[PDB]
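J.: Sequence plus experimental coordinates follow:
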Amino acid sequence: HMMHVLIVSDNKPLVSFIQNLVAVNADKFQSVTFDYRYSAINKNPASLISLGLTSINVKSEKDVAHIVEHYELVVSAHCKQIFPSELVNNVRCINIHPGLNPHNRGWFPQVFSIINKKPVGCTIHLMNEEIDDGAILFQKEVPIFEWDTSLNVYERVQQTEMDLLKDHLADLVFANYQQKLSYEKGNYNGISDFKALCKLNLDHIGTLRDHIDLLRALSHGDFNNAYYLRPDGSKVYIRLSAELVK
Amino acid sequence: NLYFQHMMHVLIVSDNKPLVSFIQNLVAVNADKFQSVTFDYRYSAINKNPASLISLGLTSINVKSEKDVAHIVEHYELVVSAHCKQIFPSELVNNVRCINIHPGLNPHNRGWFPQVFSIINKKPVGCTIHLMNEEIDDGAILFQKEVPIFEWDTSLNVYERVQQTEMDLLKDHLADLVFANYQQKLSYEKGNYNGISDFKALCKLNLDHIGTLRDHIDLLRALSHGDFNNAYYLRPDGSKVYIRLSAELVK
Ligand SMILES: Cc1cn([C@H]2C[C@H](O)[C@@H](COP(=O)(O)OP(=O)(O)O[C@H]3O[C@H](C)[C@@H](N)[C@H](O)[C@H]3O)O2)c(=O)[nH]c1=O
Ligand SMILES: Cc1cn([C@H]2C[C@H](O)[C@@H](COP(=O)(O)OP(=O)(O)O[C@H]3O[C@H](C)[C@@H](N)[C@H](O)[C@H]3O)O2)c(=O)[nH]c1=O
Ligand code: NA
């Protein structure tokens, strides 16, 4: 372990997947040590404690200096914290993004893609000052079908993240890649745009197709996303399922 | 020349295990009222999945069989339809006191799945206990109770509330029905009947239909009832996408 890699992750499936990859690839990583941390802002990180992860604060000046001093590479695997410029500028940082940059950069890309029909998939990219913005190292589109909810597309994106990590984790550690730029401008969706979508307008006029697309975009297993307000301020949450039958 | 200080036979025809099982128990609990009444239970011949009814020891009857009609007219003083899948012929309803337990509020959305139609057309729903004539869900109202429909109700939500009201009416009125302790004034309000083919038509979604999100949500919640395959759209290659919606009140 001459080379120290930090995995900062708030996503148990990806953490579990990477730990297994490194275990079965011990020959490729004999001179590499991997530490795993979850991010300070995580509001239920108990599941990640089970896999030996402990909190790190990527916006603490103390932790940034320690990371910069100790680690050759930081991998963000759905890290809930924005890396400060002092981290991304002073150590090689690579993000695993559950969108196809530069389309629907930011929050819950597949929700926006079900509605706006822009591509989705996984992008592994160098991390710069801005969010889901740096040089593309590896990316792979995943198709969307008319019977998909957010959950269906998200599970598909996660299987593509895992496929790219299986093929490219060592490439990422040993910098065996080519930095690529998109010719397209793309777009960003923030947490406030998602809150916007969630507030249903029952008076909104449109096609059943558009309304079904909105509701399937906002349907994600047990999450309470799409709602309208009753007069008394109570909420009605709406979920939709779509099931293909040959 | 001296008074000592004969058996009524009631036939219950039913294709609904919850009702049958509930009525069987209700008879036991009112057994002090039914010293001289015996209840026989049968399910409909056309019943495609009778298993759970055969497990309660019910056997089939065919209300369109000349022979079965003769046996009923021969043997029973009263027939009660409790969610019976078969239409009674004129030869049964005209010759025997027949009473239907209907999960709608007559005369509104008579016929199939009344709460599905009510969620959409805002007509009332509930339970109606009525005399059976030759027409469907049409004879004189004996007892009925409306149940509310909420914005956040599916078909399943309204149906369960109707089932509770049906059980409440039977608790209060099963003896009353048997012993004709009721009033039976005719209504000249015809209302509206929905057939099975009207339900099947609602089920075929038009993705191009323009409306409010409210009206689209109301249609999909009306057509959502547990795991039933109701609402669908047709794909070019003939396949179907089934659509279900849930609505959950959170205070
Ligand atoms: C919290 C929440 C999640 N979801 C669905 C949509 C999400 O895409 C999916 C996974 O949610 P999650 O919070 O694990 O999010 P992650 O899959 O970890 O990813 C999200 O945060 C990362 C820090 C960012 N790098 C991503 O761009 C962002 O989309 O679950 C909902 O439908 N509603 C919710 O309230
Ligand atoms: C078969 C079927 C049922 N349902 C829902 C809506 C219904 O109100 C509810 C219960 O229906 P049910 O037929 O399973 O059980 P019941 O309400 O007991 O209906 C019975 O007595 C009625 C007077 C007759 N119209 C029915 O043919 C007979 O089956 O289930 C659906 O949403 N879709 C369906 O295809
Ligand atoms: Na509901």
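T.: Received, thanks. Numbering: from 1, shown residues only, chains lettered A, B, ... in the order given. Ligands and ions are numbered 1, 2, ... in the order given.

J.: wait, doesn't residue A:120 sit right on residue A:101?
T.: No: when contacts are counted by Cβ atoms under 8 Å, residue A:120 is not listed as touching residue A:101 (10.5 Å). C-beta coordinates here come from the backbone N, C-alpha and C atoms, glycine included.

J.: Next, the buried residues of the lengthiest helix in chain A.
T.: Longest helix in chain A, counting residues (DSSP state H): helix A:150-173. For helix A:150-173, the neighbour count (16 or more other Cβ atoms under 10 Å in any protein chain shown) marks A:150-154, A:156-158, A:160-162, A:164-165, A:169, A:172-173 as buried.

J.: and ligand 1, which of those contact it?
T.: A:150, A:154 (Cβ under 6 Å from any ligand atom).

J.: and which of the buried residues of helix A:150-173 is nearest to residue A:88?
T.: Of all the buried residues of helix A:150-173, residue A:172 has the smallest distance to residue A:88: 15.5 Å, by Cβ to Cβ.

J.: Would you check that that closest one makes contact with residue A:75?
T.: Yes: using Cβ under 8 Å, residue A:172 is in contact with residue A:75, at 7.0 Å.

J.: Common neighbours of these two, please.
T.: Common contacts of residue A:172 and residue A:75, defined by Cβ atoms under 8 Å, 6 or more residues apart in numbering or on different chains, comprise residue A:94.

J.: still on that earlier bit, of the buried residues of helix A:150-173, closest to residue A:194?
T.: For those, the nearest to residue A:194 is residue A:150 (10.5 Å; Cβ to Cβ).

J.: What distance do you get for that closest one to ligand 2?
T.: To ligand 2, residue A:150 is 26 Å away according to Cβ to the nearest ligand atom, to the nearest Å.

J.: go on, residue A:122?
T.: Distance from residue A:122 to ligand 2, counting by Cβ to the nearest ligand atom: 40 Å.

J.: Tell me if that residue really is in a strand.
T.: Yes: under DSSP: H, G, I helix; E, B strand; the rest coil, residue A:122 sits within a strand.

J.: how close does it sit to ligand 3?
T.: Separation of residue A:122 from ligand 3 (Cβ to the ion, to the nearest Å) stands at 36 Å.

J.: hey, C-alpha coordinates of the longest helix of chain A in CSV?
T.: Output of helix A:150-173 as CSV, limited to C-alpha atoms (Å, rounded to 0.1, in the frame of the first residue of the first chain):
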residue,chain,number,x,y,z
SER,A,150,-37.8,6.3,-11.4
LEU,A,151,-37.0,3.1,-9.4
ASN,A,152,-36.8,1.0,-12.6
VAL,A,153,-34.4,3.5,-14.4
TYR,A,154,-32.4,4.0,-11.2
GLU,A,155,-31.8,0.2,-10.6
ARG,A,156,-30.6,0.1,-14.3
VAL,A,157,-28.2,3.1,-13.9
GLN,A,158,-26.8,1.4,-10.7
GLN,A,159,-26.2,-1.9,-12.6
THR,A,160,-24.3,0.3,-15.3
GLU,A,161,-22.3,2.0,-12.5
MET,A,162,-21.3,-1.5,-11.3
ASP,A,163,-20.5,-2.7,-14.9
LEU,A,164,-18.2,0.4,-15.4
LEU,A,165,-16.5,-0.1,-12.0
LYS,A,166,-15.9,-3.8,-12.8
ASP,A,167,-14.3,-2.9,-16.1
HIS,A,168,-12.5,0.4,-15.0
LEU,A,169,-11.8,0.6,-11.2
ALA,A,170,-8.1,-0.3,-11.8
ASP,A,171,-8.0,2.1,-14.8
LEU,A,172,-9.3,4.8,-12.5
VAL,A,173,-6.7,4.1,-9.7
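
J.: Which secondary structure elements does it sit against?
T.: When contacts are defined as 3 or more Cβ pairs under 8 Å, 6 or more residues apart in numbering or on different chains; DSSP states H and E, helix A:150-173 packs onto helix A:12-24, strand A:73-77, strand A:92-97, helix A:109-116, strand A:120-126, strand A:136-142.

J.: Save the ones you listed as TSV, and put in mean neighbour count too.
T.: Shown next, in TSV, are the helices and strands packed on helix A:150-173 (neighbours: other Cβ atoms under 10 Å in any protein chain shown):
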stretch	mean neighbour count
helix A:12-24	16
strand A:73-77	23
strand A:92-97	23
helix A:109-116	23
strand A:120-126	24
strand A:136-142	19
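
J.: I'd say residue A:80 and residue A:11 touch.
T.: No: in this structure residue A:80 lies outside contact range of residue A:11 using Cβ under 8 Å: 9.2 Å.

J.: And those two? Which one has more around it.
T.: With neighbours defined as other Cβ atoms under 10 Å in any protein chain shown, residue A:80 and residue A:11 compare such that residue A:11 has more, 20 against 17.

J.: picking up where we left off before, among the helices and strands packed on helix A:150-173, single out whichever gets nearest to residue A:205.
T.: Closest approach to residue A:205 among the helices and strands packed on helix A:150-173 is made by helix A:109-116 (16.6 Å; Cβ to Cβ).

J.: And the closest one, what does it pack against?
T.: Helix A:109-116 packs on strand A:120-126, helix A:150-173, strand A:188-189, helix A:191-198, helix A:208-217, going by 3+ Cβ pairs under 8 Å, 6+ apart.

J.: Now do the second one and strand A:92-97, the angle between them.
T.: Our comparison of helix A:150-173 with strand A:92-97, counting by axes from the mean of the first three to the mean of the last three Cα atoms, to 10 degrees, yields an angle of 160 degrees.

J.: Return the set of residues that bridge with residue A:4.
T.: Taking DSSP bridges as the rule, residue A:4 bridges to residue A:33.

J.: For it, give me its contacts.
T.: Contacts for residue A:4 (Cβ under 8 Å, 6+ apart) come out as A:32, A:33, A:35, A:70, A:71, A:72, A:73.

J.: List just the nearest of those to ligand 3.
T.: Among those, residue A:35 lies closest to ligand 3 (Cβ to the ion), at 46.9 Å.

J.: Is ligand 1 within reach of whichever strand or helix holds that closest one?
T.: For residue A:35, the host element (DSSP states H and E) is strand A:32-39. No: using Cβ under 6 Å from any ligand atom, strand A:32-39 stays clear of ligand 1, coming no nearer than 8.3 Å.

J.: Would you indicate which residues of that strand are buried?
T.: Neighbour-count burial for strand A:32-39 [16+ other Cβ under 10 Å]: A:32, A:34, A:35, A:36, A:37, A:38, A:39.

J.: Would you mind giving the residues you listed as a markdown table with distance to ligand 2 added?
T.: Listed next are those as a markdown table, based on distance: Cβ to the nearest ligand atom, whole Å:
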| residue | distance to ligand 2 |
| --- | --- |
| A:32 | 58 |
| A:34 | 53 |
| A:35 | 54 |
| A:36 | 49 |
| A:37 | 50 |
| A:38 | 45 |
| A:39 | 46 |
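
J.: Domain map for chain A?
T.: For chain A, curated CATH domains gives the domain ranges A:1-189, A:190-246.

J.: Up against ligand 3, what does chain A have?
T.: On the criterion Cβ under 5 Å from the ion, ligand 3 has no neighbours in chain A.

J.: who in chain A is up against ligand 1?
T.: So chain A meets ligand 1 at A:10-11, A:78-80, A:97-98, A:106-108, A:150, A:154, A:220, A:223, A:225 (Cβ under 6 Å from any ligand atom).

J.: Please repeat the previous calculation with a cut-off of 5 Å.
T.: For chain A, the residues in contact with ligand 1 (Cβ under 5 Å from any ligand atom) are A:11, A:78, A:80, A:108, A:220, A:223, A:225.
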